[PDB]
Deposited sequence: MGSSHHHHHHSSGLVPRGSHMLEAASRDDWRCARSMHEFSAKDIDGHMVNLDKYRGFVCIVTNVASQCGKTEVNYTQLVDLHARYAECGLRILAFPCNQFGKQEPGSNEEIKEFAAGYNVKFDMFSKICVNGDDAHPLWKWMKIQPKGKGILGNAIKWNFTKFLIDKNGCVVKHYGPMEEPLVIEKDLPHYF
């Protein structure tokens, strides 16, 4: 059961092209896992800064896993094909996944698990688009950045985990 997972690496997810991806392929890499939307007021700053972080630190082992999610103001209403094209407009080269739920019993189990990494049981629901979890090379959640935090806030924390 997902509650007992020790690492992101125990999970799998469908990429935005529909193919199952074993997330243990990220073993040895530092990852930013984020829920994205195309019609949010935060969309422009988040895509632009995620692409910038990936441009400068991918060669060092930074990977970004982006999960579309329509649960926050219905701001990701498009199909996966439409979302893939939207991300291409920002020159996204990191890893896009198929649209999921991040809250609810139908939420992707990776998200169920990340939300409980330390703490209390109440109030761990994802609050809006563009929450960011930082994942170390062993697949552990080491930081959470709320949807108010611009991605470039993360840059200063990266050296502790590379």
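K.L.:
Numbering from 1, run down the deposited sequence and write out every stretch that has no C-alpha in the structure.
P.N.:
Gaps vs deposited seq, in order: 1-28, 147-148.
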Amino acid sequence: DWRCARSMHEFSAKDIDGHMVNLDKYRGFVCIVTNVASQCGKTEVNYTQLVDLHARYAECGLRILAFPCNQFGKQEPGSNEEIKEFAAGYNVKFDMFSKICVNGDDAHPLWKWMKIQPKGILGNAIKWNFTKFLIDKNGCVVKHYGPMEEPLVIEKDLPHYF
From here on, numbers count along this sequence of modelled residues.
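K.L.:
Quick one: say whether 125-133 or 54-62 has the higher mean Cα B-factor in the deposited entry.
P.N.:
For C-alpha atoms only, the mean B-factor is higher in 54-62.
K.L.:
Using only the Cα atoms and their B-factors as the entry lists them, report which of 89-97 and 25-33 averages higher.
P.N.:
Per the PDB record, 25-33.
K.L.:
Grab the CA temperature factor for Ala13 from the record and place it in the lowest, middle or highest third of its chain.
P.N.:
For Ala13, the deposited C-alpha B-factor lands in the highest third.
K.L.:
By its CA B factor, does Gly104 count among the lowest, middle or highest third of the modelled residues in the chain?
P.N.:
CA B-factor rank for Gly104: middle third.
K.L.:
Taking only the Cα B-factors deposited for this chain, tell me whether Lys42 sits in the lowest, middle or highest third.
P.N.:
CA B-factor rank for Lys42: middle third.
K.L.:
When the modelled residues of the chain are sorted by Cα temperature factor, does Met20 land in the lowest, middle or highest third?
P.N.:
Its C-alpha B-factor belongs to the highest third of this chain's values.
K.L.:
State the tercile, meaning the lowest, middle or highest third, of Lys115 with respect to the CA B-factors recorded for its chain.
P.N.:
Middle third - that is where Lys115 ends up once the chain's C-alpha B-factors are sorted.
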